[PDB]
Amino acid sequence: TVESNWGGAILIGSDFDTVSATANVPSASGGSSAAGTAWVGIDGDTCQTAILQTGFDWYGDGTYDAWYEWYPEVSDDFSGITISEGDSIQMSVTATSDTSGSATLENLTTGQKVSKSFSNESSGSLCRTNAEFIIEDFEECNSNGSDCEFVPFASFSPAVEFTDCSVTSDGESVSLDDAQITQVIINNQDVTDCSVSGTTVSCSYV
């Protein structure tokens, strides 16, 4: 099954404050339930207690969803925005403390913009030691967070690309050159081919 569910760029550091990028909405197939998503966030890799993140997902039935999440709390979909094949989505998160922050999703194609703020989040605390641009095989569980299943990973195209990637550690821009590269791997085979070049993280389906 799924051995590696994250594909993209992961920076390992400390005191990360902001992560932002713009990404395009691809088309997807593979069945009604197949899915995939693109997002930006802080923590979730070496730091497992929490994740500040936002992005959009895609399903094989042609549907889409823009969302935000403060893991370990369940994610939530945004109501004032639409996601359509080809749209360009500016996404960004800002951690203001280990328990507070905000997420913003802007559809540069439809000019729509949604946002969410977080304060005194008790579920979990950020370590702010990870920053990333990811394409993920995510999961579906019950409200609680148990009985989970990874969703079938939808094939997609064209390659989803994170552009104008920006990260800051205490106000200072951080180099995307130290970033680690991961691939979504299923059954010990890569199903993504992600790569970094300049300020662009590019991932295509394999």
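Sequential numbering from 1, following the sequence displayed.
For the cut-off of one third of the other compared entries, residue 101 stays well clear, since all of them model it along with its flanks. Missing-residue comparison: residue 92 falls in the unmodelled set for none of the other PDB entries checked, so it is not missing from a third of them. For the segment pair 127 to 135 and 106 to 114, the entry gives 106 to 114 the higher mean B-factor, averaged over Cα atoms. The PDB entry reports B-factors from which the mean C-alpha value can be compared for 67 to 75 and 91 to 99; the larger average falls on 91 to 99.
Taking only the listed residues 38, 52, 151, 176, the entry reports the highest CA temperature factor at 176. Take 182, 188, 192, 18 and read off each C-alpha B-factor from the entry; 18 has the highest. Among the modelled residues of the chain, residue 165 sits in the highest third by CA temperature factor in this PDB entry. In the deposited entry, the Cα temperature factor of residue 1 sits in the top third of values across the chain's modelled residues. In the deposited entry, the Cα temperature factor of residue 48 sits in the bottom third of values across the chain's modelled residues. Sort the modelled residues of the chain by CA B factor and residue 144 lands in the highest third. The entry lists a Cα temperature factor for residue 61 that places it in the middle third of the chain's modelled residues.
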